[PDB]
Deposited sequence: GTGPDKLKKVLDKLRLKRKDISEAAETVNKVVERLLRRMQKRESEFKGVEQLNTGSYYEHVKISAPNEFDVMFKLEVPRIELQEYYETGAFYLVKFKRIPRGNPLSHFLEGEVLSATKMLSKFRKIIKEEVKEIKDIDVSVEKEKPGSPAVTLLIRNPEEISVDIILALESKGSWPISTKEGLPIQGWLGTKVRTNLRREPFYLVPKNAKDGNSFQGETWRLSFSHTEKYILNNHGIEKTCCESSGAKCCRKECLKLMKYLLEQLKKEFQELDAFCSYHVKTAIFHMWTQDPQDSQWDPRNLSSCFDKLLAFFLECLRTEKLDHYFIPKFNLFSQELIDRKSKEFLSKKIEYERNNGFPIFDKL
């Protein structure tokens, strides 16, 4: 039923290995070049993030997310107009990206990008170009034409080892689920800043960064139970990741047909399900035999977020991803009707 859908969504070991071998070649080579010279990004380290590395990538192994993180000691953060998620950075190889002590995201991203393009240019091993910059994106995106099309977001990131910013104090409400020790430990890991890089025309546009908890989200996905043995070989298997996939698929399929859904992304579904997992902590509430009622209750939750125009960042409570400012009421009522319809007619869109 939904079992058969997940079978379709299941990646193939063969495709995984073909995609993985090529992607690793390129990434490895880019990462070397960032140190290989007296470059401003020497010391940058690699951290694989996103769905593929969380084992929730569906349909094909054709999008990979990688974080090129750089430790910046001695950092002063200033929150950008109470938004919660956006900051200026202040205070050395970075010398050339400063705006009198302020660190320009776009200056740094540009140099990062220029290097990447140069390195890609000198790869006649594999078929690979760099995608035209999209505004409001921190990524340098590689398009690889293995006989199959594969995208890789290379994401520049600052790494701070200090305590997380105050706006996250009330975030990550895992106490009743994964517990206090997991939370304290996670919050001792560093936090990450990535360029916002929009070209809206607003003040500080080019010097604004945004927080990233991709590393933490990865730990959670791969350690998702109240019982330590959830999904392990001497444990009981849950259906938490399976729900995540199914919901990801509903949004993808809808997004490929209807352009009224451009404002929506998978991060919305991931955020929503983090909330659901907090709300329903017990592994027994995600029993595989209850895949249907579980997926259904996730859908119901998501619709309520759309209806009430409210879906809080899981790490930054005050930052509403479903604000009027970010997504139109119309866009939200439109997605509400499409989800409601699919739900009440057997999920036609799963058969396409």
{"item": "Missing segments of the deposited chain sequence, listed N- to C-terminal", "value": "1-5, 97-102, 364"}
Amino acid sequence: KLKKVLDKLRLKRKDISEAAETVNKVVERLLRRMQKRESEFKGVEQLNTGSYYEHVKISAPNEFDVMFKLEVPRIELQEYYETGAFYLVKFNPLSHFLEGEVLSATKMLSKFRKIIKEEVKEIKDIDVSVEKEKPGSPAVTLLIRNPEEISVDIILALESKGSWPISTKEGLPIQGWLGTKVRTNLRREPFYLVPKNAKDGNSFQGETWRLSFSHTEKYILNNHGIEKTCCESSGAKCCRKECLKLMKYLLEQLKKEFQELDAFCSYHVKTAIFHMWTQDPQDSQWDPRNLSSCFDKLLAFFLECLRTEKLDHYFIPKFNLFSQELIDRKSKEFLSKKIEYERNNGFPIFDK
From here on, numbers count along this sequence of modelled residues.
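In this text, rigid core is short for the largest set of C-alphas that superpose within 1.5 Å between two forms.
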| item | value |
| --- | --- |
| Stretch with larger C-alpha RMS deviation in 7 other deposited structures of this protein, core superposed, 6-14 versus 339-347 | 6-14 |
| Greater root mean square CA deviation, 312-320 compared with 53-61 in 7 other deposited structures of this protein, core aligned | 53-61 |
| 340-348 set against 8-16, stretch whose average Cα temperature factor tops the other in the entry | 340-348 |
| Stretch with the greater mean C-alpha B-factor as recorded in the entry, comparing 121-129 against 246-254 | 121-129 |
| Selection from 264, 97, 177, 219 [criterion: highest C-alpha temperature factor in the record] | 97 |
| Residue with maximal Cα B-factor (values as given in the PDB entry) among 232, 189, 159, 200 | 200 |
| Entry-reported Cα temperature factor of residue 153, expressed as the chain third it lands in | lowest |
| Cα B factor band for residue 164 (lowest, middle or highest third within the chain) | lowest |
| For residue 195, the third of its chain into which the C-alpha B factor falls | middle |
| Within-chain third of residue 50 by Cα B-factor, per the entry | lowest |
| Chain third (lowest, middle, highest) by recorded CA B-factor, residue given as residue 83 | highest |
